[PDB]
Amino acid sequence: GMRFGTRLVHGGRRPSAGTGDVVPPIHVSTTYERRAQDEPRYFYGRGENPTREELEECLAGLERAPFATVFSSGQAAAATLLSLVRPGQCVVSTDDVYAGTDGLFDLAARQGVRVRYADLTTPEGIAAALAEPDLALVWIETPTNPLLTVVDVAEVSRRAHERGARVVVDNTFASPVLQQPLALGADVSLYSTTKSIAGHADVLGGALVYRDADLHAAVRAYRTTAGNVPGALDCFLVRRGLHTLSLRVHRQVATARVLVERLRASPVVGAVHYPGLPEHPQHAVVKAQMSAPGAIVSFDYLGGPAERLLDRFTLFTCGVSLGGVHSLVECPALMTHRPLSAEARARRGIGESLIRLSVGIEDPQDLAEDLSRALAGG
């Protein structure tokens, strides 16, 4: 019923009987007295925790979904979902997914899962990939990182469901403020809440948001058995960051747009990548599925060695991760995509001098000035 910004503040904000705490108290207890529960629901912290459930309820509400489950990290959420793929079955994804996701694909392949990478940006590429026998899961990360191409969630989902397959979107990049995979036709939204959801670079976490009750049971059973559960204090921090998610994302987007214009005016910048550009190859898909184009920007630096440029920022921080209040810069070839061969990177279109920006909430003019200073050198 409540709109999105209200859901961020009040979703899962369960009342405290007797005392009336507006902010729910933090449930750190690992164990529970059984005899004084009218309807015994709480037994042991790995299985049940009120603070964790409140965060879950909040996240589910952001997508008007019945279910969410949180995890110790984004990788743990992914690993859980992927554990449901059985020997002989096939997962179709794209060869530009997050390295952590690809690492889990590798493990799945050890366990008799056929991993099929595909181009999911053309009708022919989609058609080919989705014809795989025993197709169990289609894995969409959109926008992709660091080239920021997109995949038509609704179209891939329609075609995947004709094959009986489950569709997950890793929605970490966009956050539910900007993109709603379940509304688009997908079955699962996957997040690293470590990024923009928690938003303050001070907690690790993951989440799955979905509607299927059978999936829910399998996911909860796996979390309980594998024990990849987040702590109560961590859930408190994720929940606390969540209040400002909409305000932060919109600030980040507005600034990214400013930085994109700076970049397009620089003599030492080549190609600029941003989902919001009108010449973006999938601009129509961007317009149809994203309420705004996001806070990640990438560009080809032409002024010399990228590693020298990285040392010149005095406001952007050089490091990995994204979505936080502090603006970050990295060079994928030297950092996030370093474990790949130079050949694989060239094949992926990731040039040695491609630079990636994760825009924080600092003043846009300070960020633009820092960027311009770095680019000009001297």
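Position 1 is the first residue in the sequence shown; the rest follow in order.
Mean CA B-factor, 155-163 versus 213-221: the higher value falls on 155-163. Annotation for 355-363 versus 8-16: the higher mean temperature factor (C-alpha) is found in 8-16. Per the deposited record, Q37 carries the highest C-alpha B-factor of all listed residues (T30, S327, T69, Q37). Residue-level inspection of the entry shows that, of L237, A292, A127, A79, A127 has the top Cα B-factor. Remark: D300 belongs to the middle third of its chain, ranked by C-alpha B-factor as recorded. Per the PDB record, residue ranking by Cα B-factor puts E54 in the lowest third of the chain. Among the modelled residues of the chain, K195 sits in the lowest third by CA temperature factor in this PDB entry. Sorting the modelled residues of the chain by their CA temperature factor places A374 in the middle third.
Annotation for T121: CA B-factor lies in the highest third of the chain's modelled residues.
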